Amino acid sequence: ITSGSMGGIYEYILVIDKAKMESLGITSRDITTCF
Amino acid sequence: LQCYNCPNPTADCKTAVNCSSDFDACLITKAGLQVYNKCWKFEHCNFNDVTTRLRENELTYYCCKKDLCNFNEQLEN
């Protein structure tokens, strides 16, 4: 070391990343025949 | 109902069983090779429920009347 600083450092980092993707497709054909 | 039952894909479900409750429909379902037959419940013909329980997404089905109606070839094609 040629130069510096005496002291303290406090570093706190929080990262939260959430992603949620939902895609629901439907097709139906439903039929009756009764007597 | 007294249906053919095959909860697992069976291309010719011949497994007739004496679930012999009288008044109620059976299920037939064809999902290509994924063909299923059940001692189903009457008062039903909901595609979403069939897809749920049988875990199938392209299936074709009939809630055929009363007893022994549900042998595997009743669905053509």
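Numbering, chain B: per Swiss-Prot, residues 26-102 in sequence.
Recorded method for this deposit: electron microscopy, 3.0 Å.
Placement of Cβ uses the backbone N, Cα and C atoms for every residue, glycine included.
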In Swiss-Prot, B:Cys28 is paired in a disulfide bond with which of B:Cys31, B:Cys38, B:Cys51?
B:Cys51
Is there any among the recorded positions B:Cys44, B:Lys66, B:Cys70, B:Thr77, B:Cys89, B:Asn102 whose Cβ is under 8 Å from chain A, and which ones, in sequence order?
B:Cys70
State the Cα to Cα distance, in Å, between B:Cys44 (disulfide bond) and B:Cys28 (disulfide bond), rounded to an integer.
7
